[PDB]
Amino acid sequence: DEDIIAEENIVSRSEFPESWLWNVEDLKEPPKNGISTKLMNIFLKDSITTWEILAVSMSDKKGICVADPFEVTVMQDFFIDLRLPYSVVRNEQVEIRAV
Amino acid sequence: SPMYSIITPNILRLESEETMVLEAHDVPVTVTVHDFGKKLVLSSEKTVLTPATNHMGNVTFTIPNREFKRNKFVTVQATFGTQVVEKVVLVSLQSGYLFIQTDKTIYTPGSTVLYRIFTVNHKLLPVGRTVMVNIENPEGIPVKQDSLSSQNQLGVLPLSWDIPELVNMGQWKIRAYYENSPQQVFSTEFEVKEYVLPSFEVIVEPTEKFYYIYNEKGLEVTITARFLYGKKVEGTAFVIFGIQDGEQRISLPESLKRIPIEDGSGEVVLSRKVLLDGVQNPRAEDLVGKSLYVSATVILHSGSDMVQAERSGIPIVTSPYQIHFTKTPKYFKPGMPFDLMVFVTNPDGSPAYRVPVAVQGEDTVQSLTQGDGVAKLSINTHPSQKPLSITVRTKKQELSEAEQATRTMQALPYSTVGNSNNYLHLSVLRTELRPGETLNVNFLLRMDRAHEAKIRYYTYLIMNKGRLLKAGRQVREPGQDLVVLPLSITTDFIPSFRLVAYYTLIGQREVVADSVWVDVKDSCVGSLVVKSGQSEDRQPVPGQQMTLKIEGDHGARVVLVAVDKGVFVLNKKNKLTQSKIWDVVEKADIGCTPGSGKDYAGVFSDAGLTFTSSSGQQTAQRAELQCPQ
Amino acid sequence: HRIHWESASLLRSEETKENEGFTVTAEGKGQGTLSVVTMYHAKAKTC
Amino acid sequence: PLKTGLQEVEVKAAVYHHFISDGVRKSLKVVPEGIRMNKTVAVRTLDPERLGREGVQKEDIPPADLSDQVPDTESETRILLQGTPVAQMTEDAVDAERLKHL
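Right under this line is the structure:
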């Protein structure tokens, strides 16, 4: 606004998991040529990477089948990357970097 | 009244449904099952034979019990109104499968492990029984064991474990098995090792999978590195080579190179001189049978990351092809032509494509190969009963004569009585069969040349997944020598089937038979599709929401999991795929020989089938569990 | 605890945060092994 | 670093003349000084009716030394118990390999 943007009123991305959406889903839509369609909504995480989604189906009349991998890309324009070591020794000089 | 015949599967599995084919060649018949001394009675069935139905009994029953705790047998008997025929068969314990899925591949101390177990039976349908699961540390002593039941869940079991904070490192194992039969186990592996997630991926690839020893350009490889979200990378790379022998690795210190990677593209070349000087073998021909591998490391221009990628197993060969005889019948056909099916592959095992084969002995007898790398050939017989040797050699053009693969194979005769000598083989182009298509089984036949006007019909059976899928009956009128069966290929035939046919002739007693092995395309019978139901405007943004669309068969359950793509860079082994499922189900069949045994007993007992006759013209028995070797 | 034939060769572990005297008794019939391992941070007074 | 355990690091950034900004918040570990080693205190065998007094067998475990422990640090003791399957000799009679003269 009237003041140049300082660093007091910005939220920070926090969620950095490695595997999510460990759910189970059921299909009961009325058939249409034997193909039932279900619509689901998902809220993406706060990482900049490529997520891979895999699904496995197991019915009672056909058996078991495995779907194909699906890829979703999350991307921004200007951002920050932080690289940290796994563990740090107490009471010793340490250097970290931000890109 | 003349004869009565029973056709039965070789091995029957408990807690399932089995069949017998009864052929009287207006009579009530009954079948019964007794134990082996005599444990009361197991089951019995009653049926009638009708002349309008060609006297065929498709008798089905379910085999039960808890006393069945070495291997054991069971007796099946059948009385056809007045006469009794019986036979003793073996009973096994393997009664299903077990598949294990884990969300990730590599963990750190303090995290949690989440996995799932799927249970299926022989037909690949959901079942419910009792299972037990153990977790084994690298040494081998179990750490935690548990027992579970999967009733009223349609056959999916989720579980969980929590790694401690002060734990060992390395490889850990999960072993699961049914409670009834502890002889068979199923296993899965994962890793435990501290790490930090990388940021980009590196790919190393050569231009030719093999390595001809007579090239002056050595071996050339290319390096391609890319970020995870799709943009290109810059940096510097160090590459080194090696030599791999049977459990041995030798490093060549003279071959270490530094190259600048710009836009993700680097080139490395290795010459003959360095390879020759690295080893103490001036003779080049001594190097055949030893492999090569290359290792690379990529660093950025900001000094922030470090990634390593390795490709192993570049073979050293002089012939860029290979011949095989894995699926060719071994017993030839006296008089009638003999059909061969060759198999050509690349040195890495990938099937070849559009390469011609031939025979050195004859001329112009050649063909090509479809996408499976299989070529069909035919050859005439002497027909003297002396065994014959055949040779195969590749006849590809635009190549020197000194670089053609070849090999040899031997055949053995067939021991008939009275020289009936009748066979079966389909004269159709062996192509990519697909479900929903049609097949034309062509009975290429040669009866006795004297009085071939007495035979009225034949009998044929289809075998798949170790069970009798269908039994037919096709007739003919005297004076013919070719008949056709227009089979309709359905979805249940996946992944392969075996056709066996026979007929009976009045002598003394005559029975003649043969068998054929056919394969179909492999894919799951159902269909599951996942895609983006969103309008697909642009790339998403963190914290947004989107829509996911699924399509599948009605009344099923879909399980999901999402994993980052940076984990697969660290360790990308032991995943789940449909090819694995088909490999597992295919590897555990009964009849392992392609077919066409030495005689009628040979052909009937080489396809996991048992034939019993009222005149004592039976087949031998087996009491082991796997075919030799 | 109770060690049977079926559950044999199953490592059973317990933890403690202090070092004091113990007292362990065994009854029945068979053979078994017991081990105690104490681990800590030591002083080892650089690339 | 000054204290052991888990620690949190924040970084913020803003852009002039435009309404865009960013901020990251990560975590790392801090561990004490020295090296990690294990000490074996006691290994014993249990076999009643042959080593004890009328079935009941009683033992005793002395305390560990811990002479050179780093100040302000915690140790940890683990007790491992296992059974040994001792399926012994005196097996079946001669197998059915040479029972063909019967």
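If you're matching them up, the sequences are chains A, B, C and D in order. Just add 729 to wherever you are in the first sequence, counting from 1, and you've got the deposited numbering. Under the deposited numbering, read the second sequence as residues 1 to 25, 30 to 40, 42 to 69, 71 to 75, 80 to 517, 521 to 642, first letter to last. Under the deposited numbering, read the third sequence as residues 1287 to 1331, 1335 to 1336, first letter to last. Just add 879 to wherever you are in the fourth sequence, counting from 1, and you've got the deposited numbering. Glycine is no exception: its CB is placed at the ideal position from the N, C-alpha and C atoms.
CA-CA distance, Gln961(D) to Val828(A), rounds to 53 angstroms.
In chain order, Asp113 and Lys114 place their CB closer than 7 angstroms to the CB of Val576(B), counting only its own chain and leaving out the 5 sequence neighbours on each side. Against chain D, the CB of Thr1335(C) has no partner CB under 9 angstroms away; the residue lies outside that interface.
Taking every protein chain shown into account, the CB of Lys343(B) has 16 or more other CB atoms within 10 angstroms, so this residue is buried. The residue from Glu199(B), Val137(B), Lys82(B) and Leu54(B) with its alpha-carbon nearest to that of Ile110(B) is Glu199(B). Counting along the chain, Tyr4(B) sits inside the beta strand (DSSP E) bounded by residues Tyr4 to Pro9. A Cβ-Cβ distance of about 7 angstroms is found for the pair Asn63(B) and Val21(B), placing them in contact under the 8 angstroms criterion. Neighbours of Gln87(B) in chain C, taken as residues whose beta carbon is under 9 angstroms from its own, are absent, since the nearest beta carbon is some 39 angstroms off.
Annotation for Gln634(B): no alpha helix (DSSP H) segment contains it, and DSSP assigns it neither H nor E. For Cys1336(C), the number of other beta carbons within 10 angstroms of its own is below 16, and it is reported as exposed. The C-beta separation of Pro347(B) from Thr391(B) comes to about 7 angstroms, placing the pair in contact by the 8 angstroms criterion. Rounded to whole angstroms, the separation of the alpha carbons of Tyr187(B) and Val95(B) is 39 angstroms. A contact between stretches requires three or more CB pairs, one per stretch, nearer than 8 angstroms, and the segment 757-774 of chain A fails this requirement with the segment 586-594 of chain B. Under the 9 angstroms criterion on CB atoms, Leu1297(C) is classed as interfacial with respect to chain B.
Non-local beta-carbon contacts of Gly345(B) in its own chain, meaning distances under 8 angstroms to residues more than five positions away in sequence, involve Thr391, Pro393, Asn431 and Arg456 in chain order. Going by DSSP, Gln484(B) is part of no alpha helix (DSSP H) but of the beta strand (DSSP E) stretching over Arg477 to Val485. Taking the C-beta atoms as reference points, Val920(D) is found no nearer than 9 angstroms to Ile809(A). Looking at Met473(B), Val554(B), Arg551(B) and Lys600(B), the one whose alpha-carbon comes closest to that of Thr19(B) is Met473(B). By the rule that beta-carbons nearer than 9 angstroms mark a contact, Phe772(A) touches chain B.
Between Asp755(A) and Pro136(B), the C-beta gap is not smaller than 9 angstroms, which leaves the two residues out of contact.
Secondary structure of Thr426(B) (DSSP, three-state): coil. Between the C-alpha atoms of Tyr424(B) and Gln395(B) there is a straight-line separation of about 9 angstroms. Under the Cβ criterion of 9 angstroms, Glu970(D) is not counted among the residues facing chain C. Around the CB of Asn752(A), fewer than 16 other CB atoms lie within 10 Å, so the residue is classed as exposed. Contact of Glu1301(C) with chain D by beta-carbon distance below 9 angstroms involves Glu955, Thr956, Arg957 and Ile958. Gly902(D) has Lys891(D) as its beta-bridge partners, per DSSP. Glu731(A) is outside the set of residues whose beta carbon lies under 9 angstroms from a beta carbon in chain D. Rounded to the nearest angstrom, the gap between the Cα atoms of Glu744(A) and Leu881(D) is 26 angstroms. Taking a Cβ-Cβ cut-off of 8 angstroms, the neighbours of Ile151(B) in chain C comprise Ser1295, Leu1296 and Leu1297, given in sequence order. Among the bridge pairs identified by DSSP, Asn144(B) is matched with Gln155(B) and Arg185(B).
Listed in chain order, the positions of the segment 900-930 of chain D with a beta carbon within less than 7 angstroms of a beta carbon of chain C are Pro911, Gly913, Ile914, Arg915, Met916, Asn917, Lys918, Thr919, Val920, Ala921, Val922, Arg923, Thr924, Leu925, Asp926, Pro927 and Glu928.
Fully enclosed beta strand (DSSP E) runs of no fewer than 3 residues occupy 955-962 of the segment 919-969 of chain D, in order along the chain. Contact holds between the segment 798-813 of chain A and the segment 774-784 of chain A, because three or more Cβ pairs, one in each stretch, are under 8 angstroms apart.
Exclusion of the five residues before and after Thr355(B) leaves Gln332, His334, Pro361, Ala362 and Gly383 as the residues of its chain whose Cβ lies within less than 7 angstroms of its Cβ. For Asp550(B), the closest C-alpha among the options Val542(B), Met559(B) and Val543(B) is that of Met559(B). Between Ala1294(C) and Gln1317(C), the alpha-carbon positions lie close to 11 angstroms from each other.
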